[PDB]
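Colleague: Below: the sequence, then the experimentally determined structure.
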Amino acid sequence: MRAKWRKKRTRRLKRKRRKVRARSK
Amino acid sequence: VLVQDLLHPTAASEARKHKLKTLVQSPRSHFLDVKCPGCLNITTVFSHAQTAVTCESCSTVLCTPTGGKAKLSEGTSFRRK
Amino acid sequence: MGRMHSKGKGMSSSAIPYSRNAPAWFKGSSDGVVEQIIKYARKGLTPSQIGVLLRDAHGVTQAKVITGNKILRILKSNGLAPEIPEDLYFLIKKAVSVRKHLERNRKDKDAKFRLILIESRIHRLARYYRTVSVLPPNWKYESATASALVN
Amino acid sequence: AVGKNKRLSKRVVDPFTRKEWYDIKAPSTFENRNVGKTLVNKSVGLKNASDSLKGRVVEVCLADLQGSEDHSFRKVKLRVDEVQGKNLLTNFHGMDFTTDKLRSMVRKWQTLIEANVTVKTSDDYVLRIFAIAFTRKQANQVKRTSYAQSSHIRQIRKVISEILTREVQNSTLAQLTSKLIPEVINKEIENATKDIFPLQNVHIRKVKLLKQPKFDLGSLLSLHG
Amino acid sequence: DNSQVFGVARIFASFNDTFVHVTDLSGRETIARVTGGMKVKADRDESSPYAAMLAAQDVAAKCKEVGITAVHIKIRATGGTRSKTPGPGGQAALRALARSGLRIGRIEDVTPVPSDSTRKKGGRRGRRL
Amino acid sequence: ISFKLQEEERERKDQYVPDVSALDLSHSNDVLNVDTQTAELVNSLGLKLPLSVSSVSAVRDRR
Amino acid sequence: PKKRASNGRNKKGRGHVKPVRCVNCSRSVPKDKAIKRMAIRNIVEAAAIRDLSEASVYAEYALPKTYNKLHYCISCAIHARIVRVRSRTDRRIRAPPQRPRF
RNA sequence: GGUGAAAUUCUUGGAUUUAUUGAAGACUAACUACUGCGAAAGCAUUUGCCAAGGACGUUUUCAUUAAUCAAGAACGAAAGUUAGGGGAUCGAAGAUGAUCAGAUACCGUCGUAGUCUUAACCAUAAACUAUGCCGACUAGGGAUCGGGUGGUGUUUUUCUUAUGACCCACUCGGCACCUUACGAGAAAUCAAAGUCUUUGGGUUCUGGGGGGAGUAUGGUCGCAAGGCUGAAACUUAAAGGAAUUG
RNA sequence: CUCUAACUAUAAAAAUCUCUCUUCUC
Ligand SMILES: [Mg+2]
Ligand SMILES: [Mg+2]
Ligand SMILES: [Mg+2]
Ligand SMILES: [Mg+2]
Ligand SMILES: [Mg+2]
Ligand SMILES: [Mg+2]
Ligand SMILES: [Mg+2]
Ligand SMILES: [Mg+2]
Ligand SMILES: [Mg+2]
Ligand SMILES: [Mg+2]
Ligand SMILES: [Mg+2]
Ligand SMILES: [Mg+2]
Ligand SMILES: [Mg+2]
Ligand SMILES: [Mg+2]
Ligand SMILES: [Mg+2]
Ligand SMILES: [Mg+2]
Ligand SMILES: [Mg+2]
Ligand SMILES: [Mg+2]
Ligand SMILES: [Zn+2]
Ligand SMILES: [Zn+2]
C-alpha cells in the first residue's frame, strides 16, 4: 500500500471508534 | 607556492592582500591635513570621515559622508601625513 | 562572523594600529584632549560619538593612546558616566521603538520576531552587566519601567 | 454544416442595399486628414443614423496618417464626434503601440521600467499615460547582463513621472498630440535620464483618454478645415 | 490612396472551428461573419486549413459583392487563459484572403494576453490525457 | 598509403630550409616594435637589443 | 539515489517559487522546473510570404513577428519532443543544441 | 462548445463572434536568471508612511558580554474549523454526457464548502539541500550579487572637472558553478559527505533487522479534524542501499 | 588575425497468467 491511504484508513477507523465512545456515554 | 617566507611577504603582495589578513593587522586609512579654499588654516581629517567635518573657523563643510572616504568639497587642498 | 541572530558571517570591523604610543606627528596635548572630551560629554554625546568626532575633527586616534586611558573611564573618573551604559540604552531605545511600531500595527509578525530577538539581546547584556555589577542587581527590563527608562 | 437542433425559444432582405456610406476625417494634427469609409444603416427618423455614429472609434495606424513607415508600430484610436452629412469628423481618443513592437523591445537580460500616471490636460481632457524604458547595453560592456538597481529604477520612474506631468499639463490635447507624433517627450526623457542609466528604447505608450468636459464644438471645427 | 475602401477581416483562429469576420474600420458593421464550421461536415475538421479556405473564399466573395477591396488583419487566438497560440487553420484563411482578389495590408496580432489572473482551468495536475 | 616516392617528396619538401629567417628585423620595419613592458624587461635583463616602443590601447571592444 | 546534482529543479536558494500552468495540459509546475521555449515566428509562414509580398498595399511592409514563451510541464516537454531523454554523461551538458543553424 | 473522436449544454427571444463601455472579486503576465531578501514558512504593479535587518566601510565605543542548548516560548505552506464581510475565476462533494465488461475514474461540460479577506483555533507537509549549529585548515578556474578599494581607463557631457554606467586588478561577504583526487566513501557521489584505526575543536537531537505500528493504552494541547508523547504480546531470514549484465 | 537570425503541425480503447530452479573441482 501507499502509506498515505493506510494512514487514512486507520484514521477513519479511529474517527468511527471515537464516535462509538461518544455515543456510548 | 609550497615554499614561501611568511615573515617577508612582498610589499606589493603585502598591500595586495586584505588588511586583517596581513602579517600585522594594520589599517588602510590615513589622516589628511586639509585646508579650506577660504581660510588658510590647517584642519586634520580622518580619511574615512563619518560625520560632516566642519572647520571650526567657518561653516565650510569640507568632507561629506560616504560609504568609503568622505568626498572633499572641490576647493580644498589635502596633504598626506 | 558570529552574528547570534542572523547566519551572516561578516567581519566588518577596524584594525587599530600596532603602535601603542601616539603618532610622532601629533601636536595636541593629552590634557587638552581630556578637557575637550569632558566638554563634549557635557554636551551629552555618548563615548562612541565622542570617539568618532575626535577622530574626524582632530588628530585623536584612540583616546587610550593619547591620554593613556579610555573615554568611558575618563568620564567615570570625572563623574560624567551615564547611569545606563550606552549600548544598553540604545538597545532599550530600539526595543521601545519596535514596541511602539508593533502596537501601532498589529498584523506585522516579523516585527514581533525582531522584538523577541532584541529582548533576548537586552536580557543577555543586562545579565552580563549585573555580573560585573554596573547595574543594580534588582534592575529589571520588562515593559513599563522600560518605558520610564526610555524617557 | 448541419447536425442542427434549432432550439428556437422568411422576411429576408438585402441588408446592404439598405445602407449608406460615410467618410472619416482625422484632425488637422495629422498629415492625411482623410481616414477612409464606414458603412452605416440608412438614416431614418426615429433612430437617425447620426445618433448612432457619434461615439464610434476607429483604430488606425500612424503610418497611414503620416505616410512615413517609422510610425508603423504606433496606433491611434479616433472617436467620432461631429457629423456633417456623408462626411464626419473625429477627435483624438487614444494612443497605443502595436503589440508586436512592444514584444520586440521586451527582451531578456535587460530589466524594463514602467511609469504610469494620470494627468489632466491644459484644457480639461483627463488622461492616463504610460512610459516604457529598457536599460541599454553600454558601448564597451563585457558584462553579459544590463540590470538596473532598484534605487535607480525608483529615481528613473520619478524623473519620467515629472517629465510626463510637465508635458501634459503644459498644453491642450491637440497640442499634446502634436507633441506626441514627433515623439519629442522620448528625447526629453532620455535627456533627463542618460546620466542615471542608459535607457534604450524609451517609448510613451497607451495614451488613455478618461474624461472630456462637454463638447468643445469650436475647437473641433478648427481641427478640421 | 486610389480609393481602397478598407476593412478588417479579424480572423479568430482557435484550436477548433476558426472564424473569419470582416467588418468596417470601427468594427461596428459586420460583413459576412461566415465561419469555419459553416462549410465542413466532420465537426472535427472545423479547425482544418480546408475549412479556412472555404470560409475565406466565401467571405471574400461577399466582400467583393458589398464593395470592400482592402483589408487589415486582426489575428486572434483564443487567448485569455487558453493557450495563447494561434489556431492551426487561421493561417490558411489568411493565405486565402491574400489570394482571392482582396488587397491586404497592416497585419496585426491582437491575441488577448492576461496579466496573470483567473486561474487556468484544469486543476493542479492539469489535463491528464 | 605510402609509396617511397611520397616519402621522398615529403623529405625534399621538408628538408627545404627557407632563406632569411622571416624575423631578421628585415621584414616589417627594420628593428621590431613591441610594447613597453617587454622592452623594459629586456632592459632589466641588461641587453642592448635594439627596440621600438609603442602604446597598446588596452581597451577591449565588444568582441 | 539523487538523479541530478542540481536536483533537476534550479531553485537552490529560494525556498519557494510561484507556480506556472503548463501550456498543453495546464499542470501547475514551479516556474523554474518549467521548461520554456521562445516561440518567435514570422506572422506568416515563409512558404506563403510571396503571395502576401506581391499582392499587398504598402510596398515593403514590415511583416511583423509574433512573440511568446511556451511553458510546458515536463511530461508534455518529453512527449511533445520539446525535451529528449538524454544519456548519463550527456546529462551534464547544458548548452542548447549547438544553435540549430549557424 | 468541446474532444482522440463525440454527446450533454446555449442558440432566428439570435447564440458564437464584432465593437464600445460598466460591475465584481482575482492575480500581478512578459522583466524572471543555476539572480536578490528573510530564521523558516515565504516574498514580484506604483507611491507614501511605519519600524527592522544583512553585508561593506570604520586609527569609533564596552571588554568575554561567546556556542549549542533539556525546561519554556514566537512564527509556521496548503487543506481544515469558527464566526462576520465579499462571491469573479477554478473546482473536493454532488448532476451530468462519453469510454469500458463494469468506471458513480481518468476526457467532457454545470455546480455546493473552500479558493480572497477580518479576529481566533489548527502547527502538520517529500516544512528536502532527504546534508544540525559555531569554529580552524586544506586545490585550480572562472563568472554572478552587495559593499569598499586603486586606476593618467572608456564613453559618457554640462564646455572641461562632478556624478552615474561601464573596463581592468582587486578585496570582504552571499546564492551558486566548473575541473580534478592528490582526500574520502559501498557506491551513486562530496570541495565537503575531506582534515576518522595515523581513530579526540565545542556542542545539541535522533537509530539499532523488517513487520506488528506511529497501532494499543495513559497523559497532554485542540470545539472538531487531529498533533506531541508511546509500547508490548506476537511473526519472519530477511527487508533495504548502490551499482553490473541481461 | 573579423560576428550575434530562424520557425512549426499527433495522443481512442489493450484485463489476467498455473508449475519448475537445479555444482564447480584441476
Ligand atoms: Mg500519458
Ligand atoms: Mg540565505
Ligand atoms: Mg530544467
Ligand atoms: Mg450578437
Ligand atoms: Mg511584470
Ligand atoms: Mg533582482
Ligand atoms: Mg523544546
Ligand atoms: Mg485556507
Ligand atoms: Mg459515466
Ligand atoms: Mg465525479
Ligand atoms: Mg471533472
Ligand atoms: Mg467550470
Ligand atoms: Mg512530521
Ligand atoms: Mg525495529
Ligand atoms: Mg508502521
Ligand atoms: Mg491515545
Ligand atoms: Mg536499487
Ligand atoms: Mg479472474
Ligand atoms: Zn573655510
Ligand atoms: Zn503539460
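Modeller: Here it is on my side, so go on. Numbers count the residues shown, from 1 in each chain, chains lettered A, B, ... in the order given. Ligands and ions are numbered 1, 2, ... in the order given.

Colleague: Now do the helices in the chain.
Modeller: Since you didn't name a chain, this refers to chain A. A:3-24 (DSSP state H).

Colleague: sorry, should have said chain C
Modeller: C:30-43, C:47-57, C:63-67, C:71-77, C:86-104, C:109-132, C:144-150.

Colleague: Please see if the fourth one touches RNA strand H.
Modeller: Yes. Using Cβ under 7 Å from any atom of the strand, a contact is recorded between helix C:71-77 and RNA strand H, made by C:71, C:72, C:73. All C-beta spots, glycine's among them, are computed from the backbone N, C-alpha and C.

Colleague: Any idea which residue of chain B lies closest to chain E?
Modeller: residue B:67 (37.8 Å; Cβ to the nearest Cβ).

Colleague: Need phi/psi at that residue.
Modeller: Dihedral angles of residue B:67 (phi, psi; degrees, to the nearest 10) stand at phi -60, psi -50.

Colleague: again, but for residue E:31
Modeller: phi -140, psi 110.

Colleague: who's it bridged to?
Modeller: Beta-bridge partners for residue E:31, by DSSP bridges, are residue E:22.

Colleague: wouldn't it be in contact with residue E:7 here?
Modeller: Yes. With contact defined as Cβ atoms under 8 Å, residue E:31 reaches residue E:7; the gap is 6.8 Å.

Colleague: Tell me which of those two has more neighbours.
Modeller: Between residue E:31 and residue E:7, counting by other Cβ atoms under 10 Å in any protein chain shown, residue E:7 is the more crowded of the two (27 against 21).

Colleague: The more buried one in helix, strand or coil?
Modeller: strand (DSSP: H, G, I helix; E, B strand; the rest coil).

Colleague: what helix or strand is the nearest residue in space to it that is not next to it in sequence on?
Modeller: Nearest non-adjacent residue to residue E:7, counting by Cβ to Cβ, 6 or more residues apart in numbering or on different chains: residue E:68, 4.2 Å away. In this structure, residue E:68 is located outside every helix and strand according to DSSP states H and E.

Colleague: ok, residue E:68 touching residue E:32?
Modeller: No. In this structure residue E:68 lies outside contact range of residue E:32 using Cβ under 8 Å: 9.6 Å.

Colleague: Looking at these two, which one has more neighbours?
Modeller: Shown here are residue E:68 and residue E:32; by other Cβ under 10 Å, residue E:68 has more neighbours (25 against 21).

Colleague: Please, where are all the helices along chain E?
Modeller: Using DSSP H, helices in chain E cover E:49-66, E:90-99.

Colleague: buried set for the last one?
Modeller: Right, helix E:90-99. The neighbour-count check on helix E:90-99 (16 or more other Cβ atoms under 10 Å in any protein chain shown) flags E:90, E:91, E:92, E:93, E:94, E:95, E:96, E:97, E:98, E:99 as buried.

Colleague: contacting residues for the residue of chain G positioned farthest from its centre?
Modeller: Here chain G reaches farthest from its C-alpha mean at residue G:57, the gap being 34.6 Å by Cα atoms, centre = their mean. Applying Cβ atoms under 8 Å, 6 or more residues apart in numbering or on different chains to residue G:57 gives the contacts E:4, E:70, E:103, E:104, E:105.

Colleague: Return the backbone torsion pair for the nearest residue to the second one once chain neighbours are set aside.
Modeller: With Cβ to Cβ, 6+ apart as the criterion, residue E:70 has its nearest non-adjacent residue at 3.6 Å, and that residue is residue E:4. Its backbone dihedrals place residue E:4 at phi -80, psi 90, with angles given as degrees, to the nearest 10.

Colleague: Enumerate the residues of chain G near chain D.
Modeller: G:43, G:58, G:62, G:64, G:65, G:66, G:67, G:68 (Cβ under 8 Å from any Cβ of the partner chain).

Colleague: Confirm for me that the first one is in contact with residue G:67.
Modeller: Which is residue G:43. No. Using Cβ under 8 Å, residue G:43 is not in contact with residue G:67, being 10.2 Å away.
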